[PDB]
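Enquirer: Sharing a structure, written as structure tokens. Questions coming.
When we count neighbours, we look across all protein chains shown, and the Cβ atoms used for this are built from the backbone with ideal geometry, even at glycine. Please treat every number below as a calculation from the coordinates, not as lab data.
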Amino acid sequence: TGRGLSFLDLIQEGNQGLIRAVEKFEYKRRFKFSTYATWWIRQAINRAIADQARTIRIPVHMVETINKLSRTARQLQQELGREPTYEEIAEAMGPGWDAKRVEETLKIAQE
Amino acid sequence: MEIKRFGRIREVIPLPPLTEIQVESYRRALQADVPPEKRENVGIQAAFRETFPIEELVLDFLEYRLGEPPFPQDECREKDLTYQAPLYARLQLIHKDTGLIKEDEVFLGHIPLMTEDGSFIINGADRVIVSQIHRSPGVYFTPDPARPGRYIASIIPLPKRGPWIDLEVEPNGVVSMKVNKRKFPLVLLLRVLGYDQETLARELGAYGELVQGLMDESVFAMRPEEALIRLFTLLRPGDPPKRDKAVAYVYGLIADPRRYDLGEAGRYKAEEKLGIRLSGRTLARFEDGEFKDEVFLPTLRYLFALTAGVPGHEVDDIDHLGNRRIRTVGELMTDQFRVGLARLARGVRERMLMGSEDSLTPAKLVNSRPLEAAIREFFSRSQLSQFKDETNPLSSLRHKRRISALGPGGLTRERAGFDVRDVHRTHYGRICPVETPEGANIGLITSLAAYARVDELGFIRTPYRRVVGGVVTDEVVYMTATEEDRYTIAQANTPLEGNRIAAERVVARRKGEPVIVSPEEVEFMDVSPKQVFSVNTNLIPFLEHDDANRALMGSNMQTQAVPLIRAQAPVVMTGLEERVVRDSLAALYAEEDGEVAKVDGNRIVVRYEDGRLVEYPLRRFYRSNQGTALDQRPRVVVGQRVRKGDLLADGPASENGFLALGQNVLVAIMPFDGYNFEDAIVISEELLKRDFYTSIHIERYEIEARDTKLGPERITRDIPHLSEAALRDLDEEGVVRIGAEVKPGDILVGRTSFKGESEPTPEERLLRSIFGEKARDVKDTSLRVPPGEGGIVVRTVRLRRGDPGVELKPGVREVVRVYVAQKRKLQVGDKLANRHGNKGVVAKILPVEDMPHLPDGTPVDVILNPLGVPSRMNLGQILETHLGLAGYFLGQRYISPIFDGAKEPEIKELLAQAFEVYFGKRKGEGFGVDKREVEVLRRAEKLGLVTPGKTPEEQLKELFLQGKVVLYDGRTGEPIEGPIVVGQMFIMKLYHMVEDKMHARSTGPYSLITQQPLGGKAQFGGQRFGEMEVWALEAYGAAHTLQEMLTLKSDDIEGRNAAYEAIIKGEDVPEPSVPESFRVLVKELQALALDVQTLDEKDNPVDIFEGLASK
Amino acid sequence: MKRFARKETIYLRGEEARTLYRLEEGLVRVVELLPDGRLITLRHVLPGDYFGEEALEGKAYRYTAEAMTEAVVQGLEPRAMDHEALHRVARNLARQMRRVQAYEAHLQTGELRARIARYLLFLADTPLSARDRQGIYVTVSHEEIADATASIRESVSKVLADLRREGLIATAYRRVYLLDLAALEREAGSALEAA
RNA sequence: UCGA
């Protein structure tokens, strides 16, 4: 809850994931059903959040990138005891990332 | 000049620190200067202690610390940053199974710091957190409106910290408890608490057999567990009655200190009312597996005792200031901090399940985002967080001391009836009965009394002097209203010889009731009249002669006074004007004794006794929130010997350390050619000549150049299709040069933006071909001066991308700020007012030769109409005029304290002493009485003003003692047929000026959906023609005018285009068309599945969408 | 400072002469347009030359200035010039007087062939010229050559065709290559002042 | 929060 999707919506998409699990479940493996189901439900919920949470729709992998930028900035602000600069975030993101790309990513991610 | 102060009342104590209500509250909240181990359990500390330990792995709180601000206050204001300190918390994660302990210091974000003057800096702007009054937590008993002989018991916790429980005696005889809109028998909850029939019988048996109705066999039959399950099924239907769920729910509802918190004031009031002691701040406890009652039984007992009519039991007045408390900055901030902390705790608990159950630090477990978000929400978006009012020092000083009944966790405007807005008897010495907003906000917004302070419990206290026997001590006691109601308190003006009461009969109060009392019955005495009124009200001389309704306006308008360059202190002061300036912090004083080393416009260097050389920089021409100029000027010279607390530099709106909210002008009270009509004011051009009522104002302009998908916006001097005349005052980079004069239409900052793609019309093709000039890629987006504004450019600030120390929001390349200041002379339409509630707009500025004048040639400054006085009943301005005359001729100023000031005889004496100078000089100069003076004296004795038979000089003296003088009409030269009141009056220039309010619009911006013109001057909007105006036009039977308003001048697009074209072509305007908002209405009704069809007389469809909306 | 594209005008005849201009880069032509539609080149403005001279004496421009190349010009306020600026303006105006009078002499000296050769050699010493493998060249149209040799396009094209047949020059894409400087020099007789 |  709290990621932009209502409780009931998450419940329904989770139900869809449960359906997928039921269709894919192989009982011969002796693993309990909840084990297999949990992954599909989690996947369905995550996919739902990635898909429907924004008025301006953003591609799933791009959402992942945004979230990674978020967690990175959080870590950096946690170690530096203050909000990080674009250059610092670019450094922490590793290869391929400069300040321009971080800024553009933040701009694109604006709701 | 000489300063003569009146009044015999001696105040044993000076005014308290005026901003202490803010300062002490926030200081107590942060506990920054207190070492962590020695911190009391309050504020932030209390929040941490409440939130931790987080059980679920176990995370516990050790201690917190606050660092130093990364940037100073001035820097924060400059760079649009919040002034704040970093908050850290030492946390240890413990595994109870393993014994494992991992400890680390985590960064929880920043907390905003309060400045020296008791304000905050939020995103570069100064803000104030207004204290919020509300009902104090505790146990109350109110009369049941339905059933006269019965009562309702109300259990109130802190706001957002629990539900309200109601104890009622139902007509059927059973005692009901109301929680969360649900009612049930109290007997059940009592049974859950472990009560037995015997205990309830012996406890409640005495009270008139009321207990018998309460008793219920079925409830007592079942043990507390079954009763708990039963209660759970009653409160939460449909929810399976798991026993642990019931325990958890009931605990969380009543006994949980985390979900239910009575106030400290709540606990204290409960203990005091019920005569018991609480083990904690909860209504009950969960101890040794069961529930134990704390509050409920004493409240039920008190309820029964009240219903039975037992002596010593009373109902509670909910507007009484014993039952009403103040929530200051600290409490609010701590509350929101507590919320964010709870959210952070939720996040922690969620983090203590997922991930690896073995390897976890406190840094991984704690996310500070909810906390930072909660705090930022409180400071930025709360209603109690207001844009600081800093027109003058008194404005902000008052703003910080204001108390609001509105805001979150408090009254809405419809909720507030007569009871809450009323002035309670307990407001005496605590809440000012005078200073409150006129209109809808009346009684909701109030002001803290001068001598009042808010205690630790949140109740306002006021000081009183102890009186033992007939002797008045110098020891002062701050009392709450409840404790005040105990004693008999004599008035402060009661006659005294030494410390002994000199009156046989004194005026005193018992529970607010005025009474005549013998000196033996006098337990206490008022400290001063000043304690009864606010800071603003206490600055009003002759307040006793002013009707409260006007004094209100005076108080409120002092806030609106604009700082003048030649500003002076009033000739009639109350003696509070020094202290206001001193506490304001605007003015600069010397720390210790010493000698002044340097004096400059920009700075003052002082060498103290210690030998240390301290340099104080001075604030010069800074722009306040309301655009008034805050600037400090040095009042000392190099090598001057100064003492501790001596004035070094004067702040804004201050003269020699005294509050200067305006100027002292020579005023005459008389009608003038209808130019004085209905409170209007006439002024002399001489005021403009000597730069009186001239004020400096600075406006801030901003423009951003950002990256676009069409290419980068650039700030440059190169602007398409512009002459060199237009680009004249712009530098190489495109920014206007400092010191340049800019007028409406002039460019401040040049900017170009890449034109959006489009296809040129055939006309444009032909034109382009004719002139042989290619259409430019970029368009002129330059920031220009709006209509009615302009002035001298005093500053330029530029912030780019990729330069050290500066970073803008994403997408924004660069930001430029241009500060333009203007010298505003007093003009027609500007608003003036005095401290007595007399206010008016300047309608006419006459040349000096037209102005009425004294016989010696001295012209008056302001002409005020006498018709404004009698209906308003503010006579203070008259006395101020007389004493001002006396002071004008004697060349001195006065201090007239509140309610104990200069009375008539003394003013007459001063008037005589003044008359000696005003006349004796003339007689010595070899001049006698004038003919016109003789005629005026004739008409005067005809009016019974002077006694017949006395000499002309004696009669003129008799008139002068009445505050009236002979006045000559500057136009004719003939005198006014009667004696007229003339004297020095203190008049302020308010923040409302025509230059700011004048606005007009032909055509302009329209709204997105409605296609109607925008609102406000800032958007170049049109005026709103509302329902009542439409009613007016209908009543006039002006149908084409109304149709113009509804169509051509608004949302009729084709209509307005054709109308404009017709007017510029000299043609008459065409027939209007369908207003667009009606089409919007139709489509919006279609969205609601309703079919709206416009029909002709034949009932055939008419298309108002003109071929566009149907396939 | 302002940049202009080829064929774009800096100012038009009869328009307010509020601004004096100095050519910083490129080549500008000062021309007059007749009612019959004939265009005549009156004078050549080279980098450093001041033009829009009407701003110094009158209220409106009398002639039209057109950029022949990518050009960079500087706008100036006549009333705001100091001693040094007025000195530079005077000297430069004198230079332009000498060059426009020499141009006058050129327009009436020799047959069309000679005038064309002379104009080509003149353009060879202007920003209108450049160089590659084929040799030195000038970017100019036959129409402009006609406008600056007191003739019409057709005859100029004929003479240029003759020169192509004779091997003196080569032409393509409004671009004329001067292959034999000596021969062109002999044809022109007298040279035209380039500065 | 103002102003009327």
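Enquirer: Can you tell me which of (1) away from RNA strand D (no atom under 16 Å from the Cβ); (2) on the phi < 0 side of the Ramachandran plot is the one B:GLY429 doesn't meet?
Expert: (2)
Enquirer: Determine whether segment C:173-184 contains at least one residue that is part of a loop (DSSP other than H, G, I, E, B) and surrounded by fewer than 14 Cβ atoms within 10 Å (Cβ to Cβ). Before you say what the answer is, go through the steps one by one.
Expert: From segment C:173-184, those part of a loop (DSSP other than H, G, I, E, B) are C:173-174, C:179-180; that's our starting set.
Those still in the list that are surrounded by fewer than 14 Cβ atoms within 10 Å (Cβ to Cβ) too: C:173-174.
Yes: one or more hits.
Enquirer: For segment B:735-790, how many residues are part of a loop (DSSP other than H, G, I, E, B) and within 14 Å of chain C (Cβ to nearest Cβ)? Walk me through how you get there before you give the answer.
Expert: First, the residues of segment B:735-790 that are part of a loop (DSSP other than H, G, I, E, B): B:737-740, B:743-746, B:750-751, B:755-761, B:772-777, B:781-782, B:785-790.
After this cut, where a residue has to be within 14 Å of chain C (Cβ to nearest Cβ) as well, the list is B:750, B:772-777.
The number of residues fulfilling the criteria is 7.
Enquirer: Here is a follow-up. At least 1 residues that are in contact with a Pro (Cβ under 6 Å, 6 or more places away or on another chain) in each: list the strands (runs of 3 or more DSSP E) lying fully within segment B:440-509 that qualify.
Expert: Working: elements: B:445-447, B:460-468, B:471-479.
Result: B:445-447, B:471-479.
Enquirer: Could I ask something else about it? With the condition being more than 14 Å from every other protein chain (Cβ to nearest Cβ), I'd like the helices (runs of 4 or more DSSP H) fully within segment B:361-407 carrying at least 2 qualifying residues. Explain how you work it out, then say what you get.
Expert: Values: elements: B:362-365, B:369-381, B:393-400.
Here the list reads B:369-381, B:393-400.
Enquirer: Any residue at all in segment B:114-134 that is surrounded by fewer than 22 Cβ atoms within 10 Å (Cβ to Cβ) and over 35 Å from the mean Cα position of the chain (by Cα)?
Expert: Scanning segment B:114-134 turns up no residue that is surrounded by fewer than 22 Cβ atoms within 10 Å (Cβ to Cβ) and over 35 Å from the mean Cα position of the chain (by Cα).
Enquirer: Within segment A:63-83, can one find any residue that is among the hydrophobic types (A, V, I, L, M, F, W, C), more than 14 Å from every other protein chain (Cβ to nearest Cβ) and either out of contact with any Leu (no Cβ under 7 Å at 6 or more places or on another chain) or surrounded by 15 or more Cβ atoms within 10 Å (Cβ to Cβ) (or both)?
Expert: The initial filter retains those residues of segment A:63-83 that are among the hydrophobic types (A, V, I, L, M, F, W, C), namely A:63, A:66, A:69, A:73, A:76, A:80.
The next check asks that each one be more than 14 Å from every other protein chain (Cβ to nearest Cβ); those that pass are A:63.
Subsequent filtering for residues that are either out of contact with any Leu (no Cβ under 7 Å at 6 or more places or on another chain) or surrounded by 15 or more Cβ atoms within 10 Å (Cβ to Cβ) (or both) retains A:63.
Yes, because at least one residue in segment A:63-83 is among the hydrophobic types (A, V, I, L, M, F, W, C), more than 14 Å from every other protein chain (Cβ to nearest Cβ) and either out of contact with any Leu (no Cβ under 7 Å at 6 or more places or on another chain) or surrounded by 15 or more Cβ atoms within 10 Å (Cβ to Cβ) (or both).
Enquirer: Any idea which of A:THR55, A:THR65, A:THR38 is outside any helix (DSSP H, G or I) and not aromatic (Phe, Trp, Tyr)? Quick ask: steps written out before the conclusion?
Expert: Numbers: A:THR65 fails: outside any helix (DSSP H, G or I); A:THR38 fails: outside any helix (DSSP H, G or I).
One residue alone meets the criteria, A:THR55.
Enquirer: Hey, could you check segment B:408-426 for residues that are within 14 Å of RNA strand D (Cβ to nearest atom) and in a loop (DSSP other than H, G, I, E, B) and say which is farthest from the other protein chains (Cβ to nearest Cβ)?
Expert: The extreme case among them is B:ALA416.
Enquirer: Let me ask something else. Hey, among the residues in segment B:799-841 that are within 16 Å of RNA strand D (Cβ to nearest atom) and out of contact with any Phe, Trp or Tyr (no Cβ under 9 Å at 6 or more places or on another chain), which one's farthest from the other protein chains (Cβ to nearest Cβ)?
Expert: Of all residues in segment B:799-841, those within 16 Å of RNA strand D (Cβ to nearest atom) come to B:829-841.
If we keep only those that are out of contact with any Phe, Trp or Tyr (no Cβ under 9 Å at 6 or more places or on another chain) as well, we get B:829, B:833, B:837-841.
On the way: B:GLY829: 38, B:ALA833: 47, B:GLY837: 50, B:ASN838: 53, B:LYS839: 48, B:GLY840: 49, B:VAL841: 44 Å.
Ranking the candidates gives B:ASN838 first.
Enquirer: Another question, then. Given the residues B:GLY99, B:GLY109, which is the only one that is more than 16 Å from RNA strand D (Cβ to nearest atom), more than 14 Å from chain A (Cβ to nearest Cβ) and on the phi > 0 side of the Ramachandran plot?
Expert: Details: B:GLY109 fails: more than 14 Å from chain A (Cβ to nearest Cβ).
Unique residue meeting the criteria: B:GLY99.
Enquirer: Among strands (runs of 3 or more DSSP E) lying entirely in segment B:54-133, which contain 1 or more residues that are touching a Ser or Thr at 6+ places or on another chain (Cβ under 7 Å) and within 29 Å of B:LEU384 (Cβ to Cβ)? Give the derivation first.
Expert: On the way: elements: B:58-66, B:84-94, B:101-112, B:120-122, B:125-129.
In segment B:54-133, the matching strands (runs of 3 or more DSSP E) lie at B:101-112, B:120-122, B:125-129.
Enquirer: Could you identify the single residue in B:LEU543, B:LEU564, B:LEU552 that is away from every other protein chain (no Cβ under 14 Å), within 16 Å of RNA strand D (Cβ to nearest atom) and buried (at least 20 other Cβ atoms within 10 Å of the Cβ)?
Expert: On the way: B:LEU543 fails: within 16 Å of RNA strand D (Cβ to nearest atom); B:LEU564 fails: within 16 Å of RNA strand D (Cβ to nearest atom).
Only one candidate passes the filter, namely B:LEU552.
Enquirer: Let me spell it out: the conditions are (1) closer than 29 Å to C:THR9 by Cα; (2) exposed (fewer than 13 other Cβ atoms within 10 Å of the Cβ); (3) among the charged types (D, E, K, R), and B:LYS743 meets all of them except one. Which number is the exception?
Expert: Condition (1) is where B:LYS743 drops out.
Enquirer: Let me ask something else about it. Counting only residues that are within 16 Å of RNA strand D (Cβ to nearest atom) and in contact with a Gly (Cβ under 6 Å, 6 or more places away or on another chain), which one in segment B:122-155 is nearest to B:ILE318 (Cα to Cα)?
Expert: Looking at residues that are within 16 Å of RNA strand D (Cβ to nearest atom) and in contact with a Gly (Cβ under 6 Å, 6 or more places away or on another chain), I get B:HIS134.
Enquirer: Restricting the search to segment A:89-111, which residues are of a type in the set (D, E, K, R) and outside any helix (DSSP H, G or I)? Step through it out loud before you land on a result.
Expert: Taking segment A:89-111 as the starting set, the residues that turn out to be of a type in the set (D, E, K, R) are A:91, A:98, A:100-101, A:103-104, A:107, A:111.
Across segment A:89-111, the qualifying residues are A:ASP98, A:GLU111.
Enquirer: Hand me the list of strands (runs of 3 or more DSSP E) wholly inside segment B:598-711 holding 1 or more residues that are over 28 Å from B:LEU879 (Cα atoms) and β-branched (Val, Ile, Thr).
Expert: Values: elements: B:603-608, B:613-617, B:647-650, B:663-669, B:681-684, B:695-706.
Counting at least 1 such residues, we get B:603-608, B:613-617, B:695-706.
Enquirer: For segment B:58-70, does any single residue satisfy the condition of being of a type outside the set (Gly, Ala, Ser), over 27 Å from B:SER584 (Cβ atoms) and loosely packed, with under 14 Cβ neighbours inside 10 Å?
Expert: Checked against the condition, which is being of a type outside the set (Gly, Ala, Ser), over 27 Å from B:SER584 (Cβ atoms) and loosely packed, with under 14 Cβ neighbours inside 10 Å, segment B:58-70 yields at least one hit.
Enquirer: Could you say whether any residue in segment C:147-163 is in contact with a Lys or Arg (Cβ under 7 Å, 6 or more places away or on another chain), more than 30 Å from C:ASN92 (Cα to Cα) and assigned to a strand (DSSP E or B)?
Expert: No: segment C:147-163 contains no residue that is in contact with a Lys or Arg (Cβ under 7 Å, 6 or more places away or on another chain), more than 30 Å from C:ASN92 (Cα to Cα) and assigned to a strand (DSSP E or B).
Enquirer: Here is a further query. Restricting the search to segment A:84-107, which residues are more than 10 Å from chain B (Cβ to nearest Cβ) and β-branched (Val, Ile, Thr)? Working first, answer last.
Expert: As a first pass, look at segment A:84-107 and keep what is more than 10 Å from chain B (Cβ to nearest Cβ): A:84, A:88-98, A:101.
The answer is A:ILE89, and nothing else.
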